[PDB]
2 protein chains.
Amino acid sequence: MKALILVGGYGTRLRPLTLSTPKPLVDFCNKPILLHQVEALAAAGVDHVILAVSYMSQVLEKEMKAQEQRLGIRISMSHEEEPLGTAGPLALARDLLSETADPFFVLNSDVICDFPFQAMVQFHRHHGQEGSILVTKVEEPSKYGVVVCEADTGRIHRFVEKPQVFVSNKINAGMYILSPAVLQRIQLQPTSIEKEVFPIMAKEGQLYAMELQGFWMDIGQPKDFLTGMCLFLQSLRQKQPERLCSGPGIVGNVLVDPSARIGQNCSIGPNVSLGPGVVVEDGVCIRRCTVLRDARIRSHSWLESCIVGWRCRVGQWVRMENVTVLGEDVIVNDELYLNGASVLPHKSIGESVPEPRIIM
Amino acid sequence: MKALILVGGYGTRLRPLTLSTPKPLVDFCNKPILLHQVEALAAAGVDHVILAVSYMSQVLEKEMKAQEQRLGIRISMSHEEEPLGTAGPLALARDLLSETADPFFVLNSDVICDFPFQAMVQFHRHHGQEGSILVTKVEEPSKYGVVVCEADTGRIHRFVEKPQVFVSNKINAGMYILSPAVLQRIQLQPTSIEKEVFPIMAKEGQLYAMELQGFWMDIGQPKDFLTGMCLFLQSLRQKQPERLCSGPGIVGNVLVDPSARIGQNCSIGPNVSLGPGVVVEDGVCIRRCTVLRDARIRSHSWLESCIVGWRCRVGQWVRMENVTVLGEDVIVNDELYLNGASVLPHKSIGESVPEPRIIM
Ligand SMILES: Nc1nc2c(ncn2[C@@H]2O[C@H](COP(=O)(O)OP(=O)(O)OP(=O)(O)O)[C@@H](O)[C@H]2O)c(=O)[nH]1
Ligand SMILES: Nc1nc2c(ncn2[C@@H]2O[C@H](COP(=O)(O)OP(=O)(O)OP(=O)(O)O)[C@@H](O)[C@H]2O)c(=O)[nH]1
């Protein structure tokens with residue numbers, strides 16, 4: 001099939017991470033999240049996907065042009081200079097996606113599940129109308145478009161009603177199979193697919209709703225980034241137990257990259273994903289954390305529920321907790337305490353942050 | 001002469017403006033500050049200028065090499081790959097600054113003053129020694145690197161100083177004359193000139209001082225940028241009053257580019273620097289505020305002590321004050337009070353913000 005991941009957004013949620021690199025090139029469990037979705041597409045049999053680029057096209061173009069030939073598929077990219085939202089990508093790319101009368105796949109980048117492409121195309125053949133979404137039921141999140149669905153038919157009566165769920169209990173997981181007939185309904189203008197097309201789509205009855213098995217998380221937020229990392233390591237425990245590292249100083253599910261290094265007398269606790277090149281010295285405790293490429297974590301420090309970005313140097317006897325995000329090349333001095341520090345890139349910290357702040 | 005302007009330190013201070021363009025290329029009084037530097041250098045009579053370019057290398061050099069042909073002076077660019085601090089620059093360009101036994105200018109990226117290049121190059125020869133610095137008198141020397149000198153030689157005993165040094169009352173204005181033998185005190189490793197080379201040169205007896213005559217300011221902080229603005233607009237009233245705009249609603253020292261347009265029945269207050277293309281609508285009271293390029297400020301707004309970045313949109317009845325700095329392409333919604341808001345680029349604000357805060 002031909003597919004489409006709209007990957008151009010300014011990652012304003014997940015901001016210090018998405019200041020250096022784009023949001024799809026943020027390394028999520030030792031492999032970028034665009035690479036997760038496009039690798040699942042290549043597993044599903046989609047022959048062709050094109051990126052819908054708006055911002056930091058350089059790095060995305062380079063890495064994706066390499067991974068094009070990495071795996072046997074023709075993957076081009078549609079470039080936009082003015083950000084047309086998440087719908088204008090459809091009409092910008094309508095030149096090649098209005099060729100045949102076959103449905104195309106539109107995914108958010110920031111969504112990680114296990115991807116039922118074949119189950120949803122099996123779903124989409126039944127109702128035969130324009131658009132299919134998949135949805136996920138969680139109680140507390142209402143950020144996305146919360147949807148109202150039918151019985152095992154699945155037809156959408158209503159969606160996009162504002163937060164005050166009241167027993168709806170289904171939120172759309174941002175993945176669509178659209179017919180090419182709705183390609184002409186969208187126009188070139190800066191438009192959002194989530195709140196412009198889909199409302200009249202829902203009052204027309206053309207959306208249908210496949211709902212998902214389990215392990216879904218959107219990881220556009222750093223707290224949601226660590227929660228999705230927890231879920232993804234749980235799913236890898238239930239699927240590939242040999243990938244998760246296992247030793248005497250390893251608790252729970254830990255995803256150590258082979259290029260990484262872990263010193264002795266150090267307790268890498270549960271739900272940790274060390275990146276390619278990290279140096280965790282002798283005596284560090286790390287639980288629930290994400291450490292990205294080339295980040296050195298010096299000895300006797302204690303990290304819980306925090307993202308440590310690229311080329312960071314965390315000093316000795318440092319305590320970082322409560323979802324602390326560090327940008328690229330952030331240097332924490334020794335014996336400091338960071339609580340909720342959102343640190344921008346290229347900043348050396350010599351002073352504790354005892355309350356959640358944006359260090360700038 | 002040869003000049004060496006250090007221009008590749010990341011502008012961590014005055015951050016939402018330097019998260020998009022480099023600190024040398026941010027607009028200060030409608031011109032990049034680096035262009036103030038090299039234009040007064042080319043007026044004074046240096047042969048060429050070496051730039052030390054690390055951070056946003058391509059976008060800075062893409063304008064610098066287009067300006068060198070228009071100036072009439074040559075430009076070399078010592079390309080920093082690791083950022084070698086603020087002294088490792090002239091260790092990188094050692095062979096360029098070692099072509100002849102000659103003092104060379106070393107300049108900072110942030111300083112703006114009446115650059116006294118010829119009086120400085122007259123002063124450096126009389127004292128004989130290896131290096132001379134341009135100092136300036138402050139009002140209150142509370143916490144900055146302060147300098148204590150001699151009576152008529154200016155032989156500075158001690159250079160760098162942590163606070164409660166009250167006896168000094170003189171600071172480094174960021175301009176240095178340097179003989180090539182200082183060039184063989186340096187090493188290719190990353191180092192600072194204020195931290196280590198000037199400290200041992202004030203141990204030697206080579207470092208000499210000569211204080212300026214008014215209007216010095218850095219633009220490293222954003223409030224320091226705003227007081228430097230007017231420190232410059234008071235200068236443009238004192239020296240070349242033709243450049244400053246004057247009109248019925250225009251009061252005080254205002255700078256307006258010819259592309260900038262202003263509706264009627266408004267009140268542009270003193271110390272305003274409207275950049276190129278900016279659209280000021282009806283009834284918009286702008287005072288003490290620099291408005292960078294392509295920024296639209298909608299009607300009935302009030303702005304005081306503020307920096308509006310590139311291509312921002314300020315809504316109707318918005319009250320922005322207290323060094324509220326908007327980054328590039330920040331859309332402020334109507335009827336909103338912003339006080340202290342540092343707003344990161346590509347971010348829309350729907351709530352008013354009463355307390356000083358970074359919006360990430
Ligand atoms: N190609 C492209 N993709 C876009 C554009 N705007 C949004 N997207 C995509 O929309 C997807 C999901 O939307 P969001 O969850 O709100 O993420 P976002 O674009 O980073 O926006 P924020 O709310 O600021 O985080 C993101 O993965 C983006 O890649 C665009 O203008 N061009
Ligand atoms: N080429 C280069 N120049 C630098 C580097 N670091 C500092 N400089 C220069 O050193 C001079 C003094 O530094 P600062 O005034 O503190 O400016 P800054 O580099 O933006 O750093 P902060 O204001 O502290 O964020 C400036 O002219 C910088 O351009 C560097 O790593 N590479």
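Including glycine, each Cβ sits where the backbone N, Cα and C put it.
Annotated features in Swiss-Prot:
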REGION    B:2-222  region 'Substrate-binding domain'
BINDING   B:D110, B:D218  GDP-alpha-D-mannose binding site
BINDING   B:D110, B:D218  Mg(2+) binding site
ACT_SITE  B:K162  active site
REGION    B:245-360  region 'Hexapeptide repeat domain'
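Ranking the binding-site residues B:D110, B:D218 by the number of CB atoms within 10 A of their own CB puts B:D110 at the top.
For the pair formed by B:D110 (GDP-alpha-D-mannose binding site) and B:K162 (active site), distance between Cα atoms is given as 21 Å, rounded to the nearest Å. Secondary structure at B:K162 (active site), as computed by DSSP, is coil.
Under 8 Å, Cβ to Cβ, and six or more positions away along its own chain, B:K162 (active site) finds B:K143.
Residue counts for the region 'Hexapeptide repeat domain' (B:245-360) under DSSP, helix first, then strand, then coil, are 0 helix, 51 strand, 65 coil.
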